[PDB]
Amino acid sequence: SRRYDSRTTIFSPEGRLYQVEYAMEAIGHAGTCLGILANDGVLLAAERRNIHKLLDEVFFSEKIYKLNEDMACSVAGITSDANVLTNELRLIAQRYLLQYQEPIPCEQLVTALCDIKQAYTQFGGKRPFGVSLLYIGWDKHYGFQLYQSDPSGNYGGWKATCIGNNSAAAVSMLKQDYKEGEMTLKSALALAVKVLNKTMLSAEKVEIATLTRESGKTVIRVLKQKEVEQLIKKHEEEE
Amino acid sequence: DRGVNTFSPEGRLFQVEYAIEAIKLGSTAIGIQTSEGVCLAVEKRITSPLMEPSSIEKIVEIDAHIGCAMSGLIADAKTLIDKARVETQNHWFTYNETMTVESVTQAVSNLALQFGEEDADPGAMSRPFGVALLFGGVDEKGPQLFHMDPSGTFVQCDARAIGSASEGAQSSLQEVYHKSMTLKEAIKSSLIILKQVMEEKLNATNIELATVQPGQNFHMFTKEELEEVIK
Amino acid sequence: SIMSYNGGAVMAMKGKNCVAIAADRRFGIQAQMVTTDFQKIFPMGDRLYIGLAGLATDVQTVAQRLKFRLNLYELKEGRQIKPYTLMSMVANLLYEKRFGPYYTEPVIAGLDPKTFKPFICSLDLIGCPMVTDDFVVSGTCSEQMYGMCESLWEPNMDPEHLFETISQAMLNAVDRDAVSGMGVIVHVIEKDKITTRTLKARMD
Amino acid sequence: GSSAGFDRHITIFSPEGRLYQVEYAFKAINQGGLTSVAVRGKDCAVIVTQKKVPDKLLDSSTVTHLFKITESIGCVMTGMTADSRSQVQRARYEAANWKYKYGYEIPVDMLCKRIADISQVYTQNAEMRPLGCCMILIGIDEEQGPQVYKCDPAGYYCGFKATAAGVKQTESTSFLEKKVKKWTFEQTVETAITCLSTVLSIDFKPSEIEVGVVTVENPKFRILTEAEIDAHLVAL
Amino acid sequence: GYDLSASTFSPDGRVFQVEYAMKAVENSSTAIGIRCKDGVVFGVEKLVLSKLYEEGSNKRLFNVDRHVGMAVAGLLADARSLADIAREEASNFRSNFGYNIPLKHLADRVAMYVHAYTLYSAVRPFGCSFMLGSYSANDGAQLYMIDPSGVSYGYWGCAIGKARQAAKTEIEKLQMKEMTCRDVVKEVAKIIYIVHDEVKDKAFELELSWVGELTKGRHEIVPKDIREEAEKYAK
Amino acid sequence: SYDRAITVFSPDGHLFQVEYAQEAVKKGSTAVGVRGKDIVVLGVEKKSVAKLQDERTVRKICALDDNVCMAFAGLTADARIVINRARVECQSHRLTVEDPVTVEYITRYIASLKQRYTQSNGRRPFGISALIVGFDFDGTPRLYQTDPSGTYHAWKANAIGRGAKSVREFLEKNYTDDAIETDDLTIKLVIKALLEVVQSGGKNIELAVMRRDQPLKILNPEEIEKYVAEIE
Amino acid sequence: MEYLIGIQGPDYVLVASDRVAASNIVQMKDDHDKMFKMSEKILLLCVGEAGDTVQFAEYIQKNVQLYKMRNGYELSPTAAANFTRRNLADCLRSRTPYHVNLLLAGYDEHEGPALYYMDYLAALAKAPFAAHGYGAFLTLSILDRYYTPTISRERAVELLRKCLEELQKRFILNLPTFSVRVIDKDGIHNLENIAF
Amino acid sequence: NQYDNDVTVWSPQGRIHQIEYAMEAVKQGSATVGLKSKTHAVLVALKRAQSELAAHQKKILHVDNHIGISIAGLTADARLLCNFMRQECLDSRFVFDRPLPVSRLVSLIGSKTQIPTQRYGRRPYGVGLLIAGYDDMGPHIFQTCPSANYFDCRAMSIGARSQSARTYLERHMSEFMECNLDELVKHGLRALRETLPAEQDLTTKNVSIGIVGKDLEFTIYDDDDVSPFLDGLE
Amino acid sequence: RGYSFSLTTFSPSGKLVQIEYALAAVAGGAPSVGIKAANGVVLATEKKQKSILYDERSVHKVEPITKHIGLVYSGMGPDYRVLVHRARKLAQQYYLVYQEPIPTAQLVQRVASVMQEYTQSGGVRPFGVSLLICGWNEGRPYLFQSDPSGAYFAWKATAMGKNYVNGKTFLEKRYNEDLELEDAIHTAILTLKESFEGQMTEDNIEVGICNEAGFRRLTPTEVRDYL
């Protein structure tokens, strides 16, 4: 019984947690997910890794999920782990809204899911969740926001970020192209497309979602095939 | 790899044998039992001038008549010290009388070997406490000094030394201690022995002495008091 | 009775291609009125409203727990809940506390998503669904409401004709009840609009 | 034939996607050193098993591989003797539990399926090993007549016309395969005995095997006696 | 590495841990059981390891019930707990159905409990074998035997322990069936004096227990007088 | 549930798991602490000072109560769990006793929970160190330091994390009874200590002071830039 | 019987309560405080069961103060009133239900002043003015007839006096002193006690 | 190398290495003799001591008025087992209002110590016990080991170098029955002295005596109370 | 008792080998073909025991979860029995609360959750089977595929088991959007005939179809005529 034990939540000589570090390696071989914060909204531009000539479109999206009325997220890692994680995120948001009768703030939600991820890396003797998340939303305290989360249970707020396949190559491109404080949703979509192309595109190999505010109401919507197609053509004109 | 409850070929629990080896890295605490009270003295061992030496509590109060000096992993001793405090408080609530020094040492020695992986509960120890204790108090039998280690074996001794330099200190107590020695004579002997086995020049802020006399209660020497015997 | 502690009455009527849901606005502890704008009707999704009558504390609790379930359901299977599905959901929630039930008699009214077919129903405290074709009443003055709807309701009324019938039924039913009244709110659900007006009632 | 980790020690997938531990439990069935043969007739089911007696001090009667699960369901166990009784005890409880909950006698295919489901749990959980035995239940269904089922240590079960188990399983199945392509109460019993005798090459005597039958005229599982099994023995 | 746990099969299809538990029963002293026309006689050759022990210490014969006996072999600590397990089953059965538990059922019930320790890694198989003997007016004289693997069988004459292959050839010359119980006691004490090694082993006490018509279906230890005379007949 | 012994003794009486937890604290950002007279300071080095990251969501200095605040070094995820459990104890102490918790009381609790994880089944030790700083009811500034093993000590000035030894030696020779004489003086001693273990200090340092009878006050970049100019 | 009262104005909330603690027929205290400071702009007035009031008001307070520590911002009056209503309603059908009536007053920066009324059956209701106790029957009518939505702070205190003066001459109980507070954009302000 | 780590691991020779290692713990303890006559049962324990300023560890403990035990092995383990025996004796006097037969108490100890040697992750009790008691069947002297086995003996000795003591008891056992307490306590003292090294000899501070008889409750003589028995040995 | 530690852990490269080894077991099992075609969905599988002693009518590969949902698999037989039982209870549970047939997409998600729980739980191995669920709700056909890891994909036409890559090519260039259920079966059996070794009969394969009337398991007669 103690010989078959793999000891997942255990420290190592260097002081690192192997299991968590091995789960981070699996997130670097997943569909690239990028989020950009603007002034009138925040978007999620993830690449679709489920492409084939025999696959159905059925659902409304494949990587981008809706947590609640004003929040959304894009995962990157084990697909089945996200199904568990995103279902728990919806529960946390519903429990909070049932208690205070108000939408849960974005940072409180991300923090609650990170406490569950960190508990799997300290006790229980089970493998950690092999998934990284990107959250976009709007609350009355800080407005539009964009958070990132990894398998260790660590999180942080950003203006522009990227998780997945070419995170380091995409992050550098955003570093020298993000005009902090003077970014609009329209000009951010170009940035996404520009970075998404240089880090891999068709209008079926990607999926974009924007989150904006209209008449005291959050509006989350996935851009349509045609809607994205035009963006891709406009980036070709500048290239 | 082995379990925590594994016996060695010589008939010794590996975990307990390693826990006794962890007490050889702790600070030294010399205890001398006399007829006019018990005296405890520990080597504080400060590793930095920015480090406040008043936050180092090697000698604690279990009750008015019982004191305690610990060595080894100090963090593990905070759980044993609380058990002893609750045990003597519980005794008073049920029998309206003070618990004896040997009874307090017995109740703290029962948790010594209470550890294991399989067939355990959430709040169960995973290993033994790597710390040794020196219990000194005054009951109906007068001054009494007890010693308890990781194995859970508590014995009585007229003079005991636990810590890194215990071997050298124990021998210096075997030829400087007699049954008619006074409490004031014991305090000097301990200080002298402590100064010899210590690395830093002994002073008022380095060590910590405590005494428990028949008519009095547990008492910890202050800076002034310590200085008096230092010169 | 525990149900007659806070008073209140909810009514749901069926029209041609529309539904109406009315309720009293008086919130009060026994014989004393506290506020005159208590919400007894809650929106469960565009063309779906749920009116609750009974203990005020259970009216808010049941409305909040049903919303909690409705939010999770709509997120899981990304689609609008159907009127008949909501009734089963609400009935199931009420039947969980079969031996320590919530004191509230729900009245569901709305149009079926995509088909826009009128749907009205009522449930008892332990969740016993009852789908009718004309009207459904729930409150401390159901007898008075039963008598009004029985002789005023017409088979195929229009939005304007339906509004007059449900308003006249509620206004005359709450005037015979002491712990019911202090204003009447009516919601007329159509295929492309949701008219909401407060009737001029007696403040007794 | 590749392997890695503890795949040969616990029920966990190997590089090729096999369960070595479950495959090692099939070799434990042959450890007993016996063979069983069940042949489905037209109005009867016949179970035939080897009854070896190592010591003469052993009270022969107590030595048996045939069990009465219910009043109409009988079975033959092959492999680890201790495992066999455990599984036979499980089938008796599941069968008795079925009648008490549903009000009617359990079907032979439902019991087999239920016992196979329990065996599949040992192939998924790593804290316990699978049972090294086989089960061949025979009973008479009210609608589909005679039934012969069989579940193994992998949790896989099926329906058969004629089955075999033990050291000589391939021999008895290769002989039953050519016999089925070509049966009455006596013809169903004689075909089983011949298969068991032609594969073991022993020409069995009376007290050397055991037979169990379930006919459509008399659905109660019964064990043939010494003078009952001998009559068929002198028919060929 | 396929012999460290009981929940592991080896490539050939064997549970080595259970086979290692049977090795402990082949290192213990020889105990035999003979069933006859009206009873069962248990003969265990108690090997006295020291002269400081009292005559009767470390018994290997216990009464699991008032009509059932039990001779053991192998580990004594394990066998003592199995005897208490058999007593509970016999006692629970009388409080449920209202009558003495049949030997066939008691054996099966205790064999199933022994087979449960041969499937998991959390426990280890019992390292002992034992025989159960009883006598019932309706039933007759029964004698069952259970080993470490949890297998229980019916017998006429059984033998466990070190010298069991040499003690079974001595029990095969007896015609137990026609034999009585007073005549079997002698033969039971004779076989134990033949299989016992006077060289390798030292002093040994002979235990004798029976159960049949003679003792009205009650299992007891053979009377001192009858045991003393039987011991002289062996010599 | 998991009930395996993670932290166990070794041949030389060592507790490897706790030693690896202290190894994780050395790889963390440097957190400096200096106790003054009427002001306690906290300094934290910002390694990953990315320009595209909201800095308010990734701070090392937190407030447990209105008189107690802390900084850490090691695994950020663990620090959060320890920080929220300590926050519940501050609120629990206020509910049981009219007065607020003392710096030592909360430090004792934080250290006791750390020792608890180094001796229980199924869990691993925390990989963080803490510098609890605050003021008591008497107005006496306090500074304690807890570590993975579960031991805590009071300090006058201390540093934790990577290159903590280099900063500790700098404080020993620089921390006198004149360096912490004035409010600014004490704040300038913390910024000077972080300048020997950082790259181009001034825009990679985040400090928060805590004066008597006043809540945590995080000095922004502009204010930190003004202090670096006086140390030139 | 204890007495609570609240009056919500254009940009302020005015709350008052009797300060009389009593056992059987004697008043044990004549300066008791029934107001609990949940936050910087939230006051929770509590009356009811002897031991339940403090146990419940302190549990809510602890959680509301905990919320600000871990989040950095305070809970809003609406959210704080829903949190307390949800907690009182959960214990209702439990083993130990608190029998307490309360009034929650608060000022939200982007919502102005808020006055919540709650009975012991956990039924939340926002109101322009409210009262609790046996004295509510005598003062609720005075409020109704003189209260206007645009009432100023000075007239709100004058209106409060009228209600308290009515209790002095009509109520059978002895309520000589009342605690008065006001919550606006600058937090909670202590007003001079109204004594008779 | 891989069969001596768990108690649930049978070795190829049919032995449990963990139980064998647990029996070595009793072999490291100081000797303890236990003999009995026809009306008395004595347990003479040889106390040990590390430092010269340390006291001698207690070897004889109270269980009841008719039962006394002598330990040898793990100190902590001994206490654990002693608490169980004390609780078992208390329950017997509470329910049946009579002393629990010594032999019946020994079976309770054998069952409690057997469980641990069959479960994974557990270990055997590392202590040997010498029980001296007196009931309806006379005086008894039982011996329990780490492998859950107990023996009924006329005399017994366990601990370090107890073979020298056992040998002495084996040649003097015949003359134990018809012998008074004074002579029977000196017969055990001689056996306990035989296990000691040639130089050092029994004193009044390194010897513990525990007696129980037909008209005497279990008593424990320590310092000044053992001189009486001590005086009379060459 | 049971182990409480994960049997499936991350490797140095970030792969969950246990799930990868379970997919190798699914890739060696009998071939399965799913085809969604306008008015319905068809599921066919090679149900060949090849021994002539086994009862062909006894066992079944194509099982009905509900009245409108059918199931087929590839991999281990006994593992499929557990998932089919779990899928039937999940459909009943959902119908006991909402009083309406569980949608095909809702069932797949619920059944995929169970498969993901065996890849992270203590003392268990991942299911060694890949499912091919098919259903019909809201006047529309559905075809999902749930592998051992717990992930699910919506397909139009797919194939698992032996020679699945070869069948995916023969299916990608022989399947058309505007296809009828009746014609869908013809191309479903033709895809199974490209890796059937021996002779295909009416007792060597099993076919289940889904449409407006509800899931149905074709009888031997029907299959015979189609062959």
# chains A, B, ... in the order shown; residues from 1 in each chain; ligands from 1
call {"tool": "closest_atom_pairs", "arguments": {"of": "region 108-205 of chain D", "to": "region 69-80 of chain I", "cutoff": "10 Å", "atoms": "only C-alpha atoms", "output": "JSON lines"}}
result
{"residue": "D:113", "atom": "CA", "partner": "I:78", "partner_atom": "CA", "distance": 9.7}
{"residue": "D:116", "atom": "CA", "partner": "I:78", "partner_atom": "CA", "distance": 7.8}
{"residue": "D:117", "atom": "CA", "partner": "I:78", "partner_atom": "CA", "distance": 7.2}
{"residue": "D:119", "atom": "CA", "partner": "I:78", "partner_atom": "CA", "distance": 9.0}
{"residue": "D:120", "atom": "CA", "partner": "I:78", "partner_atom": "CA", "distance": 6.1}
{"residue": "D:121", "atom": "CA", "partner": "I:79", "partner_atom": "CA", "distance": 9.1}
{"residue": "D:123", "atom": "CA", "partner": "I:79", "partner_atom": "CA", "distance": 9.3}
{"residue": "D:124", "atom": "CA", "partner": "I:79", "partner_atom": "CA", "distance": 8.7}
{"residue": "D:154", "atom": "CA", "partner": "I:78", "partner_atom": "CA", "distance": 7.5}
{"residue": "D:155", "atom": "CA", "partner": "I:78", "partner_atom": "CA", "distance": 5.5}
{"residue": "D:156", "atom": "CA", "partner": "I:78", "partner_atom": "CA", "distance": 5.6}
{"residue": "D:157", "atom": "CA", "partner": "I:78", "partner_atom": "CA", "distance": 8.3}
call {"tool": "write_last_selection", "arguments": {"atoms": "N, CA, C and O atoms", "output": "compact mmCIF listing (two decimals), in the first residue's frame"}}
result
# COMPACT_ATOMS: atom_id res chain seq x y z
N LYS D 113 -24.70 -11.90 -14.86
CA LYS D 113 -24.33 -10.52 -15.10
C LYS D 113 -24.00 -9.82 -13.79
O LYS D 113 -23.04 -9.06 -13.71
N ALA D 116 -20.73 -11.00 -12.46
CA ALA D 116 -19.64 -10.55 -13.32
C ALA D 116 -19.33 -9.09 -13.05
O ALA D 116 -18.20 -8.64 -13.24
N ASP D 117 -20.34 -8.35 -12.60
CA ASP D 117 -20.18 -6.94 -12.29
C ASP D 117 -19.34 -6.77 -11.03
O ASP D 117 -18.60 -5.80 -10.89
N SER D 119 -17.05 -8.90 -10.14
CA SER D 119 -15.70 -9.34 -10.51
C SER D 119 -14.95 -8.25 -11.27
O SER D 119 -13.72 -8.27 -11.32
N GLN D 120 -15.69 -7.33 -11.86
CA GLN D 120 -15.10 -6.23 -12.62
C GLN D 120 -14.55 -5.17 -11.68
O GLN D 120 -13.64 -4.43 -12.05
N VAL D 121 -15.08 -5.11 -10.47
CA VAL D 121 -14.63 -4.14 -9.47
C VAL D 121 -13.24 -4.47 -8.93
O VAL D 121 -12.51 -3.58 -8.49
N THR D 123 -10.96 -5.68 -10.77
CA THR D 123 -10.07 -5.40 -11.88
C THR D 123 -9.79 -3.91 -12.01
O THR D 123 -8.90 -3.50 -12.74
N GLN D 124 -10.56 -3.10 -11.29
CA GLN D 124 -10.40 -1.65 -11.33
C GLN D 124 -9.75 -1.13 -10.06
O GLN D 124 -8.94 -0.21 -10.10
N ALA D 154 -12.13 -11.84 -15.24
CA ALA D 154 -11.97 -10.54 -15.88
C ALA D 154 -13.25 -9.71 -15.78
O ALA D 154 -13.24 -8.52 -16.07
N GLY D 155 -14.34 -10.35 -15.38
CA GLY D 155 -15.61 -9.67 -15.26
C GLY D 155 -16.43 -9.82 -16.52
O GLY D 155 -17.47 -9.19 -16.67
N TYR D 156 -15.95 -10.66 -17.44
CA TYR D 156 -16.64 -10.90 -18.70
C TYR D 156 -17.51 -12.14 -18.60
O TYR D 156 -17.07 -13.18 -18.14
N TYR D 157 -18.76 -12.02 -19.04
CA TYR D 157 -19.69 -13.13 -19.01
C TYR D 157 -20.39 -13.27 -20.35
O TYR D 157 -20.41 -12.33 -21.14
call {"tool": "closest_atom_pairs", "arguments": {"of": "chain A", "to": "chain B", "cutoff": "12 Å", "atoms": "only C-alpha atoms", "output": "tab-separated table"}}
result
residue	atom	partner	partner_atom	distance
A:1	CA	B:118	CA	10.1
A:2	CA	B:3	CA	8.1
A:3	CA	B:1	CA	8.2
A:4	CA	B:1	CA	11.7
A:5	CA	B:1	CA	11.5
A:123	CA	B:122	CA	11.8
A:124	CA	B:122	CA	11.6
call {"tool": "residues_around", "arguments": {"residues": "region 27-33 of chain C", "least_positions_apart": "3", "cutoff": "7 Å", "atoms": "only C-alpha atoms", "output": "number ranges by chain"}}
result
C: 5-6, 36, 38, 179
call {"tool": "atom_distance", "arguments": {"atom1": "CA of residue 228 (chain E)", "atom2": "CA of residue 61 (chain E)"}}
result
17.6 Å
call {"tool": "residues_around", "arguments": {"residues": "region 10-21 of chain C", "least_positions_apart": "3", "cutoff": "9 Å", "atoms": "only C-alpha atoms", "output": "tab-separated table (two decimals) with N, CA and C atoms, in the first residue's frame"}}
result
chain	number	residue	atom	x	y	z
C	24	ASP	N	-50.81	41.05	-4.86
C	24	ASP	CA	-51.01	42.14	-3.92
C	24	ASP	C	-49.63	42.63	-3.47
C	40	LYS	N	-43.78	39.88	-4.79
C	40	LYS	CA	-44.32	38.54	-4.70
C	40	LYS	C	-44.20	37.82	-6.04
C	41	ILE	N	-43.81	38.55	-7.07
C	41	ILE	CA	-43.64	38.00	-8.40
C	41	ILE	C	-42.20	38.19	-8.85
C	49	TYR	N	-42.54	34.12	-15.42
C	49	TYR	CA	-42.62	34.76	-14.12
C	49	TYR	C	-43.17	33.80	-13.09
C	50	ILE	N	-42.72	33.94	-11.85
C	50	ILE	CA	-43.21	33.08	-10.77
C	50	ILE	C	-43.73	33.91	-9.61
C	51	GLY	N	-45.00	33.72	-9.27
C	51	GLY	CA	-45.60	34.44	-8.16
C	51	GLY	C	-45.68	33.57	-6.93
C	52	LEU	N	-45.19	34.08	-5.80
C	52	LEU	CA	-45.21	33.31	-4.57
C	52	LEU	C	-46.10	33.94	-3.50
C	53	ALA	N	-46.87	33.11	-2.82
C	53	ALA	CA	-47.77	33.57	-1.78
C	53	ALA	C	-47.59	32.72	-0.53
C	105	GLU	N	-47.21	28.95	-1.73
C	105	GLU	CA	-47.92	28.32	-2.83
C	105	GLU	C	-47.59	29.08	-4.11
C	106	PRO	N	-46.67	28.54	-4.91
C	106	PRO	CA	-46.20	29.15	-6.15
C	106	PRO	C	-47.22	29.15	-7.28
C	107	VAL	N	-47.13	30.15	-8.15
C	107	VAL	CA	-48.01	30.28	-9.30
C	107	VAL	C	-47.13	30.69	-10.48
C	108	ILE	N	-46.89	29.75	-11.39
C	108	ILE	CA	-46.05	29.99	-12.55
C	108	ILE	C	-46.85	30.42	-13.78
C	109	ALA	N	-46.35	31.42	-14.50
C	109	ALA	CA	-47.01	31.92	-15.70
C	109	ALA	C	-45.98	32.45	-16.69
C	110	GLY	N	-46.06	31.98	-17.93
C	110	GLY	CA	-45.13	32.43	-18.95
C	110	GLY	C	-45.41	31.81	-20.30
C	111	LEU	N	-44.68	32.27	-21.31
C	111	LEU	CA	-44.83	31.75	-22.66
C	111	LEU	C	-43.71	30.77	-22.96
C	116	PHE	N	-44.02	30.09	-28.03
C	116	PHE	CA	-44.81	31.19	-27.46
C	116	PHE	C	-46.24	30.80	-27.08
C	117	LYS	N	-46.39	29.59	-26.55
C	117	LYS	CA	-47.69	29.10	-26.12
C	117	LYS	C	-47.85	29.41	-24.64
C	118	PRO	N	-48.99	30.02	-24.27
C	118	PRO	CA	-49.27	30.39	-22.88
C	118	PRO	C	-49.22	29.20	-21.94
C	119	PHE	N	-48.71	29.42	-20.73
C	119	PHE	CA	-48.61	28.36	-19.74
C	119	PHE	C	-48.77	28.92	-18.34
C	120	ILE	N	-49.74	28.39	-17.60
C	120	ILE	CA	-49.97	28.82	-16.23
C	120	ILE	C	-50.18	27.58	-15.38
C	121	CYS	N	-49.71	27.63	-14.14
C	121	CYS	CA	-49.85	26.51	-13.23
C	121	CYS	C	-49.69	26.96	-11.79
C	122	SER	N	-50.05	26.08	-10.86
C	122	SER	CA	-49.93	26.37	-9.44
C	122	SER	C	-49.46	25.12	-8.71
C	133	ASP	N	-56.04	25.50	-17.81
C	133	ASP	CA	-56.18	26.18	-19.09
C	133	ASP	C	-56.77	27.58	-18.98
C	134	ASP	N	-57.26	27.94	-17.80
C	134	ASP	CA	-57.87	29.26	-17.63
C	134	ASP	C	-57.13	30.17	-16.65
C	135	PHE	N	-57.13	29.81	-15.37
C	135	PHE	CA	-56.48	30.63	-14.36
C	135	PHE	C	-56.03	29.80	-13.16
C	136	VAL	N	-55.18	30.40	-12.33
C	136	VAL	CA	-54.68	29.75	-11.13
C	136	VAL	C	-54.52	30.81	-10.05
C	137	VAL	N	-55.04	30.54	-8.86
C	137	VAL	CA	-54.95	31.51	-7.77
C	137	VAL	C	-54.24	30.93	-6.56
C	138	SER	N	-53.59	31.80	-5.79
C	138	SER	CA	-52.87	31.38	-4.60
C	138	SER	C	-52.79	32.51	-3.59
C	139	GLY	N	-53.29	32.27	-2.39
C	139	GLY	CA	-53.24	33.29	-1.36
C	139	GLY	C	-54.19	33.03	-0.21
C	142	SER	N	-58.28	33.03	-1.77
C	142	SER	CA	-58.45	32.26	-3.00
C	142	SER	C	-59.92	32.06	-3.32
C	145	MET	N	-61.07	34.99	-5.05
C	145	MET	CA	-60.43	35.00	-6.36
C	145	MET	C	-61.05	33.94	-7.26
C	149	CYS	N	-62.70	34.94	-11.06
C	149	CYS	CA	-62.18	34.34	-12.28
C	149	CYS	C	-63.18	33.43	-12.97
C	153	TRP	N	-63.47	35.25	-16.65
C	153	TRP	CA	-62.55	34.72	-17.65
C	153	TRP	C	-63.23	34.25	-18.93
C	154	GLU	N	-62.64	34.62	-20.06
C	154	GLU	CA	-63.14	34.24	-21.38
C	154	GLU	C	-62.06	33.45	-22.10
C	155	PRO	N	-62.47	32.44	-22.88
C	155	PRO	CA	-61.61	31.53	-23.64
C	155	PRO	C	-60.43	32.15	-24.39
C	156	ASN	N	-60.67	33.10	-25.29
C	156	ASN	CA	-59.58	33.70	-26.06
C	156	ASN	C	-59.55	35.22	-26.00
C	157	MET	N	-59.06	35.77	-24.90
C	157	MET	CA	-58.98	37.21	-24.74
C	157	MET	C	-57.65	37.71	-25.27
C	158	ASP	N	-57.60	38.99	-25.63
C	158	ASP	CA	-56.36	39.58	-26.10
C	158	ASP	C	-55.68	40.28	-24.94
C	159	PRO	N	-54.45	40.76	-25.16
C	159	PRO	CA	-53.65	41.45	-24.14
C	159	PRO	C	-54.43	42.52	-23.37
C	161	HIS	N	-57.82	42.87	-23.30
C	161	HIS	CA	-59.01	42.26	-22.71
C	161	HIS	C	-58.64	41.40	-21.51
C	162	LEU	N	-57.44	40.84	-21.55
C	162	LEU	CA	-56.95	39.99	-20.48
C	162	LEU	C	-56.53	40.84	-19.28
C	163	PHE	N	-55.94	42.00	-19.55
C	163	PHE	CA	-55.51	42.89	-18.49
C	163	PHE	C	-56.68	43.41	-17.66
C	165	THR	N	-59.58	41.86	-17.21
C	165	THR	CA	-60.17	40.75	-16.48
C	165	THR	C	-59.40	40.37	-15.22
C	166	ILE	N	-58.07	40.32	-15.33
C	166	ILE	CA	-57.23	39.96	-14.20
C	166	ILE	C	-57.14	41.09	-13.17
C	169	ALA	N	-60.60	41.11	-11.31
C	169	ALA	CA	-60.68	39.94	-10.45
C	169	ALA	C	-59.88	40.17	-9.17
C	170	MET	N	-58.67	40.70	-9.30
C	170	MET	CA	-57.82	40.96	-8.15
C	170	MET	C	-58.33	42.12	-7.29
C	185	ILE	N	-50.07	44.74	-8.43
C	185	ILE	CA	-49.15	44.81	-9.55
C	185	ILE	C	-49.49	43.73	-10.57
C	186	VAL	N	-49.64	44.12	-11.82
C	186	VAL	CA	-49.98	43.18	-12.88
C	186	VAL	C	-48.93	43.15	-13.98
C	187	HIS	N	-48.57	41.95	-14.41
C	187	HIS	CA	-47.60	41.77	-15.47
C	187	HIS	C	-48.28	41.04	-16.62
C	188	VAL	N	-48.31	41.65	-17.79
C	188	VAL	CA	-48.91	41.00	-18.95
C	188	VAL	C	-47.79	40.58	-19.90
C	189	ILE	N	-47.56	39.27	-19.99
C	189	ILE	CA	-46.51	38.74	-20.85
C	189	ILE	C	-46.99	38.42	-22.26
C	190	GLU	N	-46.42	39.11	-23.24
C	190	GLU	CA	-46.78	38.90	-24.63
C	190	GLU	C	-45.62	38.23	-25.35
C	191	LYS	N	-45.69	38.20	-26.68
C	191	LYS	CA	-44.64	37.57	-27.47
C	191	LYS	C	-43.45	38.50	-27.68
call {"tool": "residues_around", "arguments": {"residues": "residue 40 (chain G)", "least_positions_apart": "2", "cutoff": "9 Å", "atoms": "only C-alpha atoms", "output": "ChimeraX atom specification"}}
result
/G:37-38,42-43,74,106,186-188
